[PDB]
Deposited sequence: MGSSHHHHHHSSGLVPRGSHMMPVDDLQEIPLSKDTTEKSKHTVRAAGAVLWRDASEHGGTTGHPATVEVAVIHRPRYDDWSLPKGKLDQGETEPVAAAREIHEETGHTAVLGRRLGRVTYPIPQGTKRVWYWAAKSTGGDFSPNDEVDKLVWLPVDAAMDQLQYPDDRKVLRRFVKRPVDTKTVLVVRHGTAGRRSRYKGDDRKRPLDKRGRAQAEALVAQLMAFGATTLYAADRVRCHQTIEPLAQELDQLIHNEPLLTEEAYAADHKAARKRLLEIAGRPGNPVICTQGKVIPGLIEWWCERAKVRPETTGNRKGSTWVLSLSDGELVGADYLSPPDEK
């Protein structure tokens, strides 16, 4: 049995940056802020909640930093970790967490007592952390293709897919999503419509990013993805199953980035972290209703 948790290396400008290390009186330990997923929570959403609950800080998650596991009475503790840039707040000591110290990486490495937290911190320092983010989303569940030629331009999300679309709002907001783009198919727009209502933002339509256009002109689709990525803000781009794997593989190869996880499920998300226009992380997140 797995106990699922998420946390973060929370950081701010004083690598050279400072990172947050917390102390818990119950264990007398120094460690990284994290906690267990609530019912229906995704890891990124739980990470942001637990940072806020334990440190008092809000944050924007960036690169994923790997997974740690360890034995507990209920079975196995599984913790996924993110880089998270502080967006403000103040720590106040309590019975759960009584100290929080901000330290440069080198000193935080000596403060952290668990080898796996230090392993996480080593990942953190390996690559840039002041990153901008592109979120590539496969649209949610939308029934089965018809017997017709083509892909069914107007086929909508199904009930489950509508629920994925609602659940993706918290998921994508965890990464500071600000701009919205969708391939020219109804089911792509509908997946990011709840987020569009949240942000009060319009969704930019992307005919170059449909399965049909990608198959006809893959180079145009590649050029467009980079064009979207170069704009200010953190874009969400919702497209289709034949399009994403190729685009992600292409970008990872050009950048020599190795994804730690891989998939292509309806409602899944690739978090693409960019520093100075170069890809430094490609993190595949399960659909929000898949564990």
| For this chain, which runs of the deposited sequence have no C-alpha coordinates, given in order from the N-terminus? | 1-41, 56-65
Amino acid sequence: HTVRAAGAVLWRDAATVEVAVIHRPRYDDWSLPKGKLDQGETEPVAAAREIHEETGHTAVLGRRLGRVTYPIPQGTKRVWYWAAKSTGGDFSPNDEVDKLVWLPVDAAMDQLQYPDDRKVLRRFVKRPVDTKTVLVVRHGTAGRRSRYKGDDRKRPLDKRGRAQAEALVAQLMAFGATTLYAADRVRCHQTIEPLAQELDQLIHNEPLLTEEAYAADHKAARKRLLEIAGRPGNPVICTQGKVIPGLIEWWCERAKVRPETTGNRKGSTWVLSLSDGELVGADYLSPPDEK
From here on, numbers count along this sequence of modelled residues.
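Take the two forms, superpose them, and find the largest set of C-alpha atoms that agree within 1.5 Å; that set is the rigid core.
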| After a core fit, does 32-40 or 66-74 show the bigger CA gap to the shown form in 9 other deposited structures of this protein? | 66-74
| Between 150-158 and 120-128, which one strays more from this form in 9 other deposited structures of this protein if you match the rigid core and compare Cα atoms? | 150-158
| Among the other entries that model both neighbours of residue 274, does it go unmodelled in a third or more? | no
| Among the other entries that model both neighbours of residue 15, does it go unmodelled in a third or more? | yes
| note | For 215-223 versus 112-120, entry-based mean Cα B-factors point to 215-223
| Which is higher on average in the deposited entry, the C-alpha temperature factors of 281-289 or of 2-10? | 2-10
| query | For the listed residues 134, 72, 188, 167, which one has the largest C-alpha B-factor as given in the deposited model? | reply | 72
| said: By the CA temperature factor listed in this entry, which of these ranks top: 141, 171, 210, 76? | reply: 76
| Within this chain, which third does the Cα B-factor at residue 62 fall in: lowest, middle or highest? | lowest
| remark: Assert third(CA B-factor, residue 42) within chain per record equals middle
| field | residue 259 by Cα B-factor - lowest, middle or highest third of the modelled chain | value | middle
| request: Pull the Cα B-factor of residue 102 out of the PDB entry and bin it into the chain's lowest, middle or highest third. | output: middle
| message | By the recorded C-alpha temperature factor, relative to the other modelled residues in its chain, which third is residue 29 in? | response | lowest
